[PDB]
Every structure is written in C-alpha cells, then in structure tokens.
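To keep things clear, I will list the structure first and then write my remarks on it.
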Amino acid sequence: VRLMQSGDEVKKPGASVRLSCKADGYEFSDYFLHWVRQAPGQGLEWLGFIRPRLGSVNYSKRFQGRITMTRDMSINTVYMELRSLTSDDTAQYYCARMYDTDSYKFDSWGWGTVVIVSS
Amino acid sequence: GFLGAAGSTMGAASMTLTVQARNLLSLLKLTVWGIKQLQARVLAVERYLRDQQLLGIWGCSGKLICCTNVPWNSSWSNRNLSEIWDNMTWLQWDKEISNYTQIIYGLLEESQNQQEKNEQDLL
Amino acid sequence: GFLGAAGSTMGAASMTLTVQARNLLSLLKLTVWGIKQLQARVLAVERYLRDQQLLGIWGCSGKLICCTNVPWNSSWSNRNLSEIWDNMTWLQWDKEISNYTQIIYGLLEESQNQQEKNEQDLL
Amino acid sequence: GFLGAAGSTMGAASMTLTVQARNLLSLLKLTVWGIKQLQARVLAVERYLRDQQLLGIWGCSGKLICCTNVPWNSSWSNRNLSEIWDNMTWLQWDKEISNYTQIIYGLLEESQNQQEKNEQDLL
Amino acid sequence: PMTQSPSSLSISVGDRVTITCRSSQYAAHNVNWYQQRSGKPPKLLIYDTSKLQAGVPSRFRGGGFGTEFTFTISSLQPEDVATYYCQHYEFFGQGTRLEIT
Amino acid sequence: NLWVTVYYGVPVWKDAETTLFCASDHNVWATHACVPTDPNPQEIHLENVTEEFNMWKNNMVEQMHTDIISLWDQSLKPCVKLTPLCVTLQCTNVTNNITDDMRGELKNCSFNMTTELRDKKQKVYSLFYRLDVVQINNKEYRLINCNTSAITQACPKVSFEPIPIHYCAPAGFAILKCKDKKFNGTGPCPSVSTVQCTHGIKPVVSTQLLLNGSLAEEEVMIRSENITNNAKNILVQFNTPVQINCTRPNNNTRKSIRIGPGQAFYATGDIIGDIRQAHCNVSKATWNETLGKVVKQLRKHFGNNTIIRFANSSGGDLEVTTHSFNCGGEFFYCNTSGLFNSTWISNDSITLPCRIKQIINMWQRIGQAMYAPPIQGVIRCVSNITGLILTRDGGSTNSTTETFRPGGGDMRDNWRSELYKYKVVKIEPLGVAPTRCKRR
Amino acid sequence: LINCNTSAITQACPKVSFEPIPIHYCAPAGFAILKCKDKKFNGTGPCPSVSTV
Amino acid sequence: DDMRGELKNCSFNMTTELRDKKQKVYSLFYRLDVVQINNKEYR
Ligand SMILES: *[C@@H]1O[C@H](CO)[C@@H](O[C@@H]2O[C@H](CO)[C@@H](O[C@@H]3O[C@H](CO[C@H]4O[C@H](CO)[C@@H](O)[C@H](O)[C@@H]4O)[C@@H](O)[C@H](O[C@H]4O[C@H](CO)[C@@H](O)[C@H](O)[C@@H]4O[C@H]4O[C@H](CO)[C@@H](O)[C@H](O)[C@@H]4O)[C@@H]3O)[C@H](O)[C@H]2NC(C)=O)[C@H](O)[C@H]1NC(C)=O
Ligand SMILES: *[C@@H]1O[C@H](CO)[C@@H](O[C@@H]2O[C@H](CO)[C@@H](O[C@@H]3O[C@H](CO[C@H]4O[C@H](CO)[C@@H](O)[C@H](O)[C@@H]4O)[C@@H](O)[C@H](O[C@H]4O[C@H](CO)[C@@H](O)[C@H](O)[C@@H]4O)[C@@H]3O)[C@H](O)[C@H]2NC(C)=O)[C@H](O)[C@H]1NC(C)=O
Ligand SMILES: *[C@@H]1O[C@H](CO)[C@@H](O[C@@H]2O[C@H](CO)[C@@H](O[C@@H]3O[C@H](CO[C@H]4O[C@H](CO)[C@@H](O)[C@H](O)[C@@H]4O)[C@@H](O)[C@H](O)[C@@H]3O)[C@H](O)[C@H]2NC(C)=O)[C@H](O)[C@H]1NC(C)=O
Ligand SMILES: *[C@@H]1O[C@H](CO)[C@@H](O[C@@H]2O[C@H](CO)[C@@H](O[C@@H]3O[C@H](CO)[C@@H](O)[C@H](O)[C@@H]3O)[C@H](O)[C@H]2NC(C)=O)[C@H](O)[C@H]1NC(C)=O
Ligand SMILES: *[C@@H]1O[C@H](CO)[C@@H](O[C@@H]2O[C@H](CO)[C@@H](O)[C@H](O)[C@H]2NC(C)=O)[C@H](O)[C@H]1NC(C)=O
Ligand SMILES: *[C@@H]1O[C@H](CO)[C@@H](O[C@@H]2O[C@H](CO)[C@@H](O)[C@H](O)[C@H]2NC(C)=O)[C@H](O)[C@H]1NC(C)=O
Ligand SMILES: *[C@@H]1O[C@H](CO)[C@@H](O[C@@H]2O[C@H](CO)[C@@H](O)[C@H](O)[C@H]2NC(C)=O)[C@H](O)[C@H]1NC(C)=O
Ligand SMILES: *[C@@H]1O[C@H](CO)[C@@H](O[C@@H]2O[C@H](CO)[C@@H](O)[C@H](O)[C@H]2NC(C)=O)[C@H](O)[C@H]1NC(C)=O
Ligand SMILES: *[C@@H]1O[C@H](CO)[C@@H](O[C@@H]2O[C@H](CO)[C@@H](O)[C@H](O)[C@H]2NC(C)=O)[C@H](O)[C@H]1NC(C)=O
Ligand SMILES: *[C@@H]1O[C@H](CO)[C@@H](O[C@@H]2O[C@H](CO)[C@@H](O)[C@H](O)[C@H]2NC(C)=O)[C@H](O)[C@H]1NC(C)=O
Ligand SMILES: *[C@@H]1O[C@H](CO)[C@@H](O[C@@H]2O[C@H](CO)[C@@H](O)[C@H](O)[C@H]2NC(C)=O)[C@H](O)[C@H]1NC(C)=O
Ligand SMILES: *[C@@H]1O[C@H](CO)[C@@H](O)[C@H](O)[C@H]1NC(C)=O
Ligand SMILES: *[C@@H]1O[C@H](CO)[C@@H](O)[C@H](O)[C@H]1NC(C)=O
Ligand SMILES: *[C@@H]1O[C@H](CO)[C@@H](O)[C@H](O)[C@H]1NC(C)=O
Ligand SMILES: *[C@@H]1O[C@H](CO)[C@@H](O)[C@H](O)[C@H]1NC(C)=O
Ligand SMILES: *[C@@H]1O[C@H](CO)[C@@H](O)[C@H](O)[C@H]1NC(C)=O
Ligand SMILES: *[C@@H]1O[C@H](CO)[C@@H](O)[C@H](O)[C@H]1NC(C)=O
C-alpha cells in the first residue's frame, strides 16, 4: 500500500493551497483517508478525514471553514484545500489511511508535503 | 404394491404398510428439469423427515403400528370397532377425524414426555 | 412455547422438551428469495439429521431423556446435583462443559458399540 | 479411523462401526462451486436417509448390529461360519452375496410387519 | 486529549523504557502508539494497546486500560531513536524524544 | 453414584450466522416470492435471561444489504438498456412558465436516436434535469453517466414503494429480540424474547432522515458504537414521528420513444401548466420540539453545560449533502440546511428546496447506472421522519461546543435502525447432565 | 419484418429440433398420481375406476 | 533480428463513449492476432 503526496509548496499569506494524495495498492473505497499536519518541532495535529466511497468529510473544529477535502475516484486521489493561510500554517501535511473505524489505525502515511507560508 | 390396499378394509390395510412405506423417499445442472428435480428431491426428503419426526415424538419411531396411553374422547367417534375395522376403509376414516387430529397429536407427545420422565424416575 | 423454559431451572427445562423439539424442522424459482428459501430448507434438514444421528449413535434415538453407562470424571464438574438442578439453568451449564463435550461423545458411542456387542453375545 | 477396518477380519470389522458411521452425513451462491456443494449436501442427506429408512423398515433402527427371525437358505452361502468370520473380510463377502441380497431385504420387512402385528395381538 | 509524559529522557542502549500516556477521557483500549523517525513519516507499532502490527519486532509492548497507558520497548537499540506519539482516536499527544546517553 | 444423561431439545443457543428467508403478509423487492407469514405471529417471552446484543457487529444487517442490492439488480436486469441514449444532445434552457427557483434547472435537449429500423434516425426532444446533463467543451450536453457507467432504464411496471419484509430464520435457528426499552444498542439486554420472524422491516432508502421507520417507545434513543469516536455515525430514533410532506408540483408528461425493436425509452415531454420547484415541508414547531428532545438525550454522553449545535452537511456527493430519498417513483435530493441550523445552550413550515435526478447511481456502485422513467401527473408524499443519522465534528478547541451534522450514504446504517434489537442464534438441543440412572 | 416495431427477433437456433419427444411427468416421493381408467369419464366428476401411478 | 515484423502498429477507428462520435486510436497487435485482408489492411 503506497500513498504518494504532492510536491513541497510555498504560498503567500492569505492564499489557498491544494495538497494531493494519490493512493495505490488497495481498493480506494474501503479505508478512510485523514490529513494530519505537523508544525516544525511540534506534535501531530489532526485536520480532518474523508471517506473516498461517497466523499463524506469530517473536519476538525479548529480548521473548519478554512479546509475542504474532495476525492477523484478515477484519478484515485484525495485533495485537501486550505484557505486563508497564515504564518503558523508552515507545516508538513501527511495523508494517513485508517484501517478500521474503531481503533483509529493510521497504517500507511504519505511522504509528507511541507507548505511554507511566508511573505 | 404401492397404495394397493387403498380400498381394502381398515384391518387389511393396516396389515400391509411396508410396501407403501419404502416408496416415501425413493451432476446437477440448473436447467428447467434440473431445478425441478432438485425441488422434488428436497421436498421428498423434508416430507419423510417431518413424518418420522412426528412418529418419534410420540415414542413410535421404527414401529409401523404403535400404541399409546392417552384416552380417546367419545366425541371424536362413537362408531363401534367392528364396523370401523370391517366395513370401512382409511379414507373416509380420515375424513371424519381430520378436525380432531391436532389435539390428539398434542396428547400423544405429552404422554410420551410424561412416560419418559416416569422411566427416568423408575430407572 | 418454543424456548419458553430457557431461563427456567434445569429440571423444569428438562421436563418440557417436545414444544421446542417439533420446531427443529418445521414450485421452485431461482430468484433472490427462492435460493435463500432452498438454502434454509436444506440447512434445517441437515441440522436435524445431524442431531438425530448423534442421538442414534449413542443408543438414544427416539428418547428425549436417555441414560448412559459411561462414568463421569469429576474434573468435568464438581458441582453438586442439587444446585445444578435447582439454582441454575441450561445455558451457563453449557458454557462450563463446552470444552469436555467431544471426549464425552466418544465415550458415549464406544459404550453403545460395546453394549450392542454384548446383546449380540447374550441374545 | 474411517474405513480403517476395510481389510480387517469380518468379526473385527463388525466390532467397530461408529467411526465409519458418523462420517456418513458430515450464504448460498449459485456459482460453479456453490451448486456442486448444494448437490453434495442433498446427495449425502438423501443417501443417509435411504440407509436409515432401510434399517428402520427391518426393525433395526438405532442398532448397528440387529438380528432377524427370517431363515437363511443354504443357497445364499454354504461356507462355514468360522472361515466367514475368521479368514475373510466384508468386501468379497458382498461380492459373493450381492445378487442374493436383493431378495433377503424383502423377507426382512415381511418378518418385521408380522412381528409388529404379533405384538399388537399380544399387547 | 493526551498528556503523554515525559517530554524526553536519556536512555542507554538495551535499557527498558516506559512512557506514560495519562488521558483526560475514558479511552478504553483504543489507544495506539506511533514511532516517527527524524524526518521520516510516522510509523505505527502498537494498536489497541496490546496487539502488535506485522513487521514490528516483539520488543515493543503496551499496557493500560483506563486513563493511563504505558509503552515499553524492553531492549533499546540504536535504531529505536525516534519520537513516540500517543493516539486516542483523533487526538495525538506531545511526543517523547529518545536520546542515547 | 452419578452418570451422564443426554437430553434432546434443551433450550441452549449460541450466536451464529445463517440465511434468513423472507415472509410477507409488481415490486422491486420480490414480496410475492416471499412465503406467506402466519396471520398471528408467535413470540415467546423469556424469563431470567441475559444476552449480549451488538447492533453494530450484527450480521443480519449485512445480509439485508446484500439482499436489497440483489433484488435491485434482479429487478433492473430484464429491462431496457439505454446505451443508444449516450449521444451528443443539443440542449437549451426551458423558460416557459418557470419561477425564479427553477431558472435553468431543466434542459430542453433535442437529439438523434435510432428508430426501430436500423438504417433510419429520429430527431426527438426531451426534458433532462440539470443534474443529469454535463456540458461538452444551444450548447452540446451529454448524460452525466455516459463516461463511467451504462444506463439501464428503470423498468416502468415495477414499483419502488417499500413493502415490509419479515426476516425469518430457518428451522433450528431462532431470533432473540431485545425488548428492553432503554437498550442503547451495545451490551447486555435483561429482557430477551424469542421469535421466528422480524417485525416487517420496510426497505426504505434514505440518507439523512430515516423515513417510515420503527419508532422507540419510552424516549428518544441515541445509539452509537462509540460516541467518543467521530468516525461512527450516531443513529437517533424518535419516540414521536415528525411528519414531512414531499411534493413535485410539476405536471410531467411521459412520452414513449421507439429506440429499437420492442425497446422503448420514456422521456419527459413538455410540462403542462406551471413549472415549480419540488419541495418538502416539515412542521417548524414539531421539528424544534424533536430537536430539543434529541439534545436532551444527547447531553448525557457529553455532560451538562455543553453547547449542542446542528449545522448542515459538511460536504460530499449529492447523496450525503442532501436528504436523498425515493417516493412516487421519483428520487428527491432535498437541501436540509433549514433543519440543521440551530444552537442549544443549557403552522409555519420549514420548506426544503429539493432537486430531482433521473440518472440514479444507487448503491454507490460505479459501473451500473439507472434511469428512472418520468412519473405522470403531480407527485405528493407523506412520510414520518423516524430517525436521524448524525455525525460529530472532530477536534477539541478551547470551546466546549459540539456540532452534529447529518450524514448517511451507507445504507447499512439505514437498515441497522430496524435490526438493532434482533440477533440470530443457533439452537443446540443436545445436552449432557449428571443423573443417577443406568441402562438395564 | 412484421415484428420489428413490437418485439426483438431471436433466430430459431439451427441445431435444435422441434419434434415433440414424449415426456413423463413423475411426482416426487411422498406423492402419487391417480389415473382415471373409466372409459366413459367426461372430464368432471367422480371416477369409479382409479389407478395409482 | 528475431522479432522482424512480429508486432504490428495498427491504427483504427473505434466508437467513443458518445454514440455519434468516432475515435482514431492506435495499438500494438502481435502478428498471430491479425490477418491481412485482400500501410495495409488487417483484421
Ligand atoms: C412512507 O409511507 C407512505 C404511506 O405508506 C408513502 O406514501 C405513499 O406513497 C405511494 C408511492 O407509491 C403512493 O402511492 C401512489 O399514490 C398515487 C396517488 O394515490 C391516490 O390517488 C389515486 C387516484 O389518483 C387513488 O386511487 C389512491 O387510492 C390515492 O387516493 C397513485 O396514483 C399511484 O398509483 C400508481 O402507482 C402504483 C404503484 O406503482 C400503480 O399500481 C398504479 O396503477 C399507478 O401507476 C400507474 O398509473 C399511473 C397513472 O395512470 C401511470 O403514470 C403509471 O405509469 C402506472 O401505469 C400510487 O399508488 C401513496 O399514495 C402514498 N400514500 C400517502 C398517504 O401519501 C410514502 O411514500 C413513504 N415514504 C417513503 C417510502 O419514503
Ligand atoms: C450549508 O450552509 C452553508 C451556509 O453558508 C452553505 O454555504 C453557502 O453555499 C452557497 C452555495 O454554494 C454559497 O453561494 C455561492 O457563493 C459563491 C461565492 O462565494 C464567495 O464568497 C463566500 C463568502 O461569502 C466564500 O466563502 C466563497 O469561497 C466565495 O469566495 C457564488 O459564486 C455562487 O454562485 C453560484 O450560484 C449562484 C446562484 O444564483 C449563480 O447565480 C452563480 O452563477 C453561481 O452558479 C453561490 O452563490 C454561499 O456563499 C455559501 N455561504 C458561505 C458563508 O460560504 C453550504 O453550501 C451548505 N451546504 C450544503 C447545503 O450542503
Ligand atoms: C451503551 O451501554 C453500555 C452498557 O451500559 C455501555 O458500556 C459501558 O459504558 C460505561 C461508560 O462508558 C463503562 O464504564 C466504565 O468502566 C470502566 C471499567 O471498564 C469495565 O468494563 C470493561 C469492559 O471491557 C472491563 O474490561 C473492565 O475490566 C471493567 O470491568 C471504568 O474504569 C470507567 O470509570 C467507567 O465506569 C463500562 O465499562 C461499559 N461496559 C461495557 C461492557 O462496555 C456503553 O458505553 C453505552 N454506549 C453509549 C453510546 O451510551
Ligand atoms: C466523466 O466526466 C466528468 C465530467 O466531465 C468528469 O468529472 C470532471 O473531472 C474533471 C477532471 O478530469 C474535473 O476537473 C477538475 O475540476 C476542479 C474543480 O472542480 C479543478 O480544480 C481541477 O483542476 C480539474 O479541472 C471536473 O471538476 C469533474 N466534474 C465534476 C462535475 O465532477 C469525470 O472525471 C469523468 N469520469 C472519468 C474521467 O472517469
Ligand atoms: C422543447 O423544444 C421542442 C422543439 O424545439 C418544442 O417542441 C416544438 O415547439 C415548437 C415551437 O414553435 C412547436 O411548433 C412544435 O409543434 C413543437 N413540437 C415539435 C415536435 O417540434 C417544445 O415545445 C420545447 N419545450 C419547452 C420549451 O418546454
Ligand atoms: C442529426 O443528424 C443530422 C445529420 O447528421 C444532423 O444535421 C447535420 O448537422 C451538422 C452539424 O450542425 C451539419 O453540418 C449538417 O449540415 C447537418 N445535416 C443535416 C442533413 O441536417 C443533426 O444536427 C443531428 N441532430 C442533432 C440534434 O444534432
Ligand atoms: C409547502 O409550504 C409552502 C409554504 O408554507 C406552501 O406554499 C403555499 O402553497 C399554497 C398552495 O399552492 C399557495 O397558495 C401559497 O401561495 C404558497 N405560499 C408560499 C409562501 O409558497 C406549499 O403549498 C406547501 N406544500 C406542501 C406540499 O406541503
Ligand atoms: C403534511 O400534510 C398533511 C396532509 O397531507 C397535514 O395534515 C392534515 O392537514 C389538514 C389540513 O389542515 C387537516 O385537515 C388534517 O387534519 C391533517 N391531518 C391528517 C390528514 O392526518 C400536515 O399538517 C402537513 N405537515 C406539515 C405541512 O408539516
Ligand atoms: C441550501 O439552502 C441554503 C439556505 O436555504 C442555501 O444558503 C443560501 O444560498 C444562497 C445561494 O448562493 C445564498 O445567496 C444565500 O446567502 C445562502 N444563505 C444561507 C443562510 O446560507 C444553500 O446555498 C443551499 N445549498 C445548495 C442549494 O446546495
Ligand atoms: C505507432 O504509430 C503511432 C501513429 O500515431 C505512433 O504515435 C505517434 O508517433 C508520432 C511520430 O512522429 C508522434 O509525433 C505522435 O505524438 C505519436 N502519437 C500519436 C497519438 O500520434 C507510435 O509512436 C507508433 N508506435 C511504434 C512505431 O512503436
Ligand atoms: C476513420 O474514418 C475516416 C472517415 O470515415 C477515414 O478517413 C477516410 O478514409 C477514406 C479512405 O482513404 C477516404 O476516402 C476519406 O476521404 C477519409 N475521410 C476523412 C474524413 O478523412 C479513416 O481512414 C478511418 N480510420 C482508419 C484508421 O481507417
Ligand atoms: C467503543 O465501543 C466498543 C464496542 O462497543 C468498546 O469495546 C470500547 O470500549 C468503546 N471505546 C470507547 C472509548 O468508548
Ligand atoms: C442556461 O442555464 C445555465 C445554468 O444551468 C446558465 O449557465 C446559462 O447561462 C443559461 N443560458 C441562458 C439563460 O441562455
Ligand atoms: C445534568 O442535568 C440533569 C438535569 O437537567 C440532571 O438530571 C443530571 O443528573 C445532570 N448530569 C450531571 C450533573 O452529570
Ligand atoms: C395534471 O395534468 C392532468 C392532465 O392535464 C390533469 O388531469 C391533472 O388534474 C393535473 N394535475 C394537477 C395536480 O394539476
Ligand atoms: C407513518 O406514516 C404513515 C403514512 O403517512 C402513517 O399512516 C403512520 O401513522 C405514521 N406512523 C405513525 C406512528 O403515526
Ligand atoms: C512487414 O512484416 C511482414 C511480416 O509480418 C513482412 O511480410 C512484410 O514484408 C513487412 N513489410 C515491410 C517490411 O515493409
């Protein structure tokens, strides 16, 4: 099971960044995909998850309104768009795959995509 | 042979039962005739099993003629034994008793259980 | 009715068995529901036949309550008969003896065969 | 285990029968394998039921070894009992009785019915 | 949320380590542990606080059922230098950094 | 002295899995093929019995899901394949007697079909909803499911009304029903009753609002495998039903087109009268009372003094963002933002503007589409919103507020609100017990 | 073709034969078939001569 | 030298997802899967 993400990005404050995550090696309908961000030198933080089966989403209360996740079944990718970027959003964003709905089990993680928001 | 004693007397018909007792049970392709044959086989198996289960519940499994300890209410039939077993066959007998069958069956099984428990008490 | 004595005492549950013994068995179109009904019928028939075969191997066919000549090792259960048959039902009994069943069954059949041979020696 | 005593002596093979008697019976999708499994289950059920029906017609249901009151015509086999039960197995015994077996069954059932009727006369 | 402690600890190779995972809400057994090597994406070792994911050596073990959970690695190895993260459902915890003494 | 004794028929069961057949008292679900259920159902109450039920690990729900999918496929098999319809349509916008709410929602598409003769064409028009056509870059449009799946026309003589079906276990099996009225869905049930058949479950297809379902008895019930978990749908069962009125005010006319020998395609002719948006109506006071009752039973798991907020769906396809259902032969997708727009701190009708789709990709199966033929006349519907399928937003900021948004899509959750109390068990009538008896 | 606006034509398949081969309808075990051997049986009523098959 | 002419670069018209539109697409077919009709015309 392989999850390849997009390429390291740099955005100005106030812009919107759309990271991607291509998943292959497993059926892209059975396991939910989460977006976990990590600030430099900080702990992991959960942004939200998406069910590729029907596109149902669930975002964290902190990043709600500023985030939107979509999926492309044919292209087999999950996209996450973050709006109104500010300085502290400089981070590495990962896409994990939950194995079972109970006992959140992030089996496979992406390589990571550092979004750098700076002026 | 099979069902030969249908018009025969009650006693004569009761004398011969195996000849019409053996014939109660005797690749796969899902064509019309294949599915019909499969349904026929399953139906025969389940009917024979139901009959044998009813026989075994009353403590009469393996016995073509089996007696029971339950009483017989005169309302079921007031006809004398001689005319029943000498001037009449099984069909019209079933016609005039078909509506008292269920309760009879219940009595049957009850007695068996009681008898079985009594045996477990005695032995 | 059916399974009514599930929570009843071991002795009281053993007293009534026919009511939950009759209900162990009771065109064809190959649609979604037809195949499910066929599978259900075959499954019921084969489960009843397996149970009756196990009963008949131990020489208890046709008997709801049947005794056996094999001994009972105290390791299976050291509980007294009074509490077993007066303050406890069949479910928790099954849970604590489920792991000694197979050997027991074997003993059962062995005795029967031995017992059978003995009559062929005596009769 | 199963069929282990196939080459064993007639008496020794007759001594052990349960081990090869239990194994005579033991969602649905209509794929290639599913229909084959359904046919196998139905075939096993009906074969076991036919064998048990033949056993129960002769008044031997539930008994692996069952005696009968019918005589044995010397034409069936003139071989002595000692050599039959000590220097020979069941396979060639079936081979050298096969064509006779078909008539003996009939005698069997007749006797049973007579015996049953006699019981109904005596009891 | 989690209160994984301590922040970091110096441990010699082969020594047994323990990381408490004092939670703030009833988590039952649904707590998992991730090992994130420096730079590499986090890797999951223990799920349900008892079971071990395939491909992970048996030296890793976990415990706890209530609001307290423990993570042990028994014999530490040079390749066990990483950060270890609690995870109950959505919430992760402050990492524990392993430094060779 | 003590010996073994074998008893046949002892009341002993173990949890197991088997095929449950159908019993009922044309249709997409083969109700006629189901066996006739007994006029007087037989149910045996059990005294002093405790069984551990688990609605979320139940197997009956999976069997029901498979059965419904199979029935749908078998009902759609022997009817018209619409492969000739995947052709370049020349579409305009309908503007004859359209209100402000339906500006451009319907398209008047004219296109060439094959006629009953192979060498002759046929220029025919039809009316396609905006959701069933995608532009190609009057303009050029094509049916939405022409590059992913083959469209099979929903077959005009079959009916989509959910006829209740009873799931009866085969002989040798029983169904334990948890009669405990405070059963949250996962755990021991003090009050267990044995039965042979289920209580006529209606195969109602809906996403955000459980329609025509079985209600609770004592109070509104909140069921979830893990309330703390945010990936688990929260089923809500109402004790009192909330009426919802559904309507398609358009007076559609069905027009038959010969697209081949015998095969006929039913298109939407010119709508006679005024074109108005299909809509739902739910009593405001009743909905507010029901939401208050839900919050009252929802604060228990999160404690008092917490803020309970209902907001609309956070995203996804049209099946999960809007309350999707099927009645009268037509499929509605209703924007339920008015329902879930409330915050709770310790005659007027909510009107929901609905949209209509004819290219239905039911059972979220990419590769098998479905064309629901137009329904003549004006469609009106009356249903009871029996329950909700909520989902809690994740994260934990400084505020203690909790936001619950409607979910759905997975029909297993829809049919788990009817099979929650049922469990299938296999009887083990053989039992060994001590007794002082020996054969003679 | 006459059946081009009402039905789809399926060609009768050349290797099959339409000759009526007699078929016997046999009831399953547990069932029997009573044949009315009365040669004056008009079709609806009692039949004095019944034979099981 | 061992695969001289064993593979054929065949270009042909297919129906697309739309019924009234065609599609000129190429492919590689082994020599055993194509027979000439009497670039050349194969089937
Ligand atoms: C929750 O549960 C409720 C109640 O159970 C349910 O509401 C019911 O929905 C069904 C949907 O099928 C409604 O049934 C339709 O009703 C209309 C109107 O019925 C009234 O008016 C007619 C006269 O117009 C009266 O005879 C009748 O008694 C009512 O007073 C009918 O017109 C419909 O009939 C068509 O469909 C039937 C089923 O397919 C056919 O048998 C029938 O012949 C009709 O089809 C044919 O005729 C059409 C017109 O000629 C033609 O266009 C067709 O192609 C075809 O040839 C149908 O019976 C029912 O009335 C609703 N009941 C109430 C009280 O509202 C909810 O839908 C449900 N919620 C869910 C499932 O989410
Ligand atoms: C749950 O409830 C929320 C409540 O807000 C809904 O959010 C609204 O959704 C509608 C529909 O998408 C939005 O309306 C659209 O606005 C677009 C412009 O938005 C800009 O500005 C907002 C802030 O005001 C930004 O967030 C946004 O990113 C944009 O920068 C228009 O371009 C759209 O126009 C389209 O529709 C009109 C209809 O007449 C056509 O005329 C146009 O040609 C075009 O097709 C549209 O008007 C609205 O802005 C959203 N509000 C907010 C605050 O974001 C959710 O949609 C709802 N979710 C459901 C029901 O599932
Ligand atoms: C639906 O009803 C169920 C039954 O009432 C609920 O399950 C119970 O939920 C409560 C509160 O959430 C738990 O109470 C906690 O218990 C632990 C100790 O755990 C005990 O149970 C586990 C079960 O595996 C056992 O392994 C342990 O050894 C303990 O015996 C305490 O430490 C906590 O402080 C707290 O009191 C119950 O444990 C739990 N029981 C079971 C069997 O699950 C369920 O939560 C309800 N669901 C909803 C959504 O309301
Ligand atoms: C079948 O056809 C439909 C309609 O053309 C395809 O859906 C469309 O797919 C394209 C990508 O090929 C999407 O374009 C993308 O749009 C987003 C904005 O939504 C934009 O940011 C991207 O850069 C990209 O341009 C398009 O949105 C999408 N349309 C819809 C309504 O979902 C579908 O993929 C086709 N099926 C296949 C190819 O299997
Ligand atoms: C949809 O378009 C069709 C074709 O343009 C319309 O049908 C024709 O409308 C013209 C208007 O001048 C009439 O003269 C014809 O008699 C109509 N029928 C045919 C077969 O051509 C139809 O009215 C349009 N529907 C709308 C706008 O709702
Ligand atoms: C149905 O087919 C006809 C003939 O192919 C189409 O009419 C042609 O359209 C093209 C493109 O506009 C013109 O270049 C031709 O001159 C037209 N020929 C004739 C005879 O009309 C027609 O457009 C098709 N129908 C639709 C709805 O597109
Ligand atoms: C749904 O509710 C709306 C608004 O309460 C109703 O709309 C009214 O409908 C009547 C009947 O046609 C009209 O006379 C009014 O002018 C409408 N008013 C408004 C503000 O729309 C509608 O009838 C209801 N429909 C159903 C099916 O419940
Ligand atoms: C939904 O519609 C029903 C009728 O289809 C409404 O209930 C009836 O309303 C009429 C008109 O006032 C009364 O005469 C009846 O007594 C009502 N009850 C029935 C028929 O059972 C109901 O109010 C509507 N609900 C809404 C709009 O939320
Ligand atoms: C669902 O309904 C809500 C309100 O009924 C819609 O929200 C309005 O959308 C219009 C269209 O852009 C905006 O002009 C309004 O400002 C919105 N108001 C509010 C309070 O949100 C929403 O757009 C609808 N969603 C759909 C149709 O997908
Ligand atoms: C098979 O033939 C096709 C012809 O289309 C070749 O594909 C084209 O080759 C030309 C060479 O000049 C390129 O400019 C095009 O970009 C190619 N693609 C298309 C779609 O035209 C293909 O290379 C050939 N394959 C072989 C010879 O192995
Ligand atoms: C695909 O179809 C086109 C059009 O039918 C073919 O092109 C034609 O080829 C014939 C034969 O040489 C010419 O007479 C026509 O003038 C061509 N028409 C056009 C519009 O180009 C084309 O050859 C077909 N593709 C293949 C691979 O055969
Ligand atoms: C989640 O639910 C399962 C099954 O009901 C249970 O075993 C587990 O303890 C629950 N966990 C939490 C945190 O509630
Ligand atoms: C037709 O409706 C579409 C929306 O579906 C709109 O974009 C377009 O401008 C409309 N064309 C008109 C009104 O001519
Ligand atoms: C929450 O408040 C209710 C009264 O509204 C009370 O019955 C209940 O015990 C409270 N729960 C607590 C304090 O945990
Ligand atoms: C719909 O149109 C038909 C035919 O004109 C008419 O008989 C019927 O009454 C109309 N229905 C409504 C609700 O207007
Ligand atoms: C559910 O809706 C139907 C149809 O509208 C109605 O007959 C029934 O009474 C409703 N349920 C209850 C409990 O009232
Ligand atoms: C193409 O290859 C075939 C063999 O498959 C050969 O007969 C023919 O001469 C070749 N044509 C060339 C090389 O032009």
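Residues in the structure tokens are numbered from 1 in each chain, the chains being A, B, ... in the order shown, and ligands are numbered from 1 in the order shown.
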Which polymer residues have any atom within 12 Å of an atom of residue 12 in chain D, counting only C-alpha atoms, with same-chain residues fewer than 3 positions away left out, as a PyMOL selection string? (chain C and resi 117) or (chain D and resi 4-9+15-17+84-90)
May I have the residues of chain F within 6 Å of chain H, counting only C-alpha atoms, written as a VMD selection string? chain F and resid 86 to 87 147
Long-range neighbours of residue 39 in chain A as a PyMOL selection string, 8 Å cut-off, only C-alpha atoms, 4 positions minimum in chain: chain A and resi 43-44+88-92
If you count only C-alpha atoms, which residues fall within 8 Å of range 9-11 of chain A, apart from same-chain ones fewer than 6 positions away, as a VMD selection string? chain A and resid 17 113 to 118
Got time to write the residues from that selection, N, CA and C atoms, as an mmCIF file, in the first residue's frame?
```
data_model
loop_
_atom_site.group_PDB
_atom_site.id
_atom_site.type_symbol
_atom_site.label_atom_id
_atom_site.label_comp_id
_atom_site.auth_asym_id
_atom_site.auth_seq_id
_atom_site.Cartn_x
_atom_site.Cartn_y
_atom_site.Cartn_z
ATOM 1 N N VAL A 17 -3.979 26.660 -0.571
ATOM 2 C CA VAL A 17 -3.105 25.608 -1.075
ATOM 3 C C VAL A 17 -3.905 24.321 -1.186
ATOM 4 N N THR A 113 4.189 16.699 2.758
ATOM 5 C CA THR A 113 4.266 17.882 1.902
ATOM 6 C C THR A 113 4.394 19.108 2.798
ATOM 7 N N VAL A 114 5.569 19.731 2.803
ATOM 8 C CA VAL A 114 5.743 20.931 3.613
ATOM 9 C C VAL A 114 5.153 22.113 2.848
ATOM 10 N N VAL A 115 4.132 22.724 3.433
ATOM 11 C CA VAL A 115 3.623 24.008 2.977
ATOM 12 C C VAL A 115 4.297 25.089 3.808
ATOM 13 N N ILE A 116 4.976 26.011 3.132
ATOM 14 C CA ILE A 116 5.637 27.142 3.771
ATOM 15 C C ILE A 116 4.849 28.395 3.420
ATOM 16 N N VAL A 117 4.243 29.013 4.426
ATOM 17 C CA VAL A 117 3.516 30.264 4.261
ATOM 18 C C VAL A 117 4.380 31.387 4.818
ATOM 19 N N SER A 118 4.820 32.286 3.943
ATOM 20 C CA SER A 118 5.697 33.373 4.352
ATOM 21 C C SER A 118 5.567 34.514 3.355
#
```
Distance filter 12 Å around ligand 8, atoms: only C-alpha atoms and all ligand atoms, out as a ChimeraX atom specification: /F:241-247,279-288,347-352,380-385
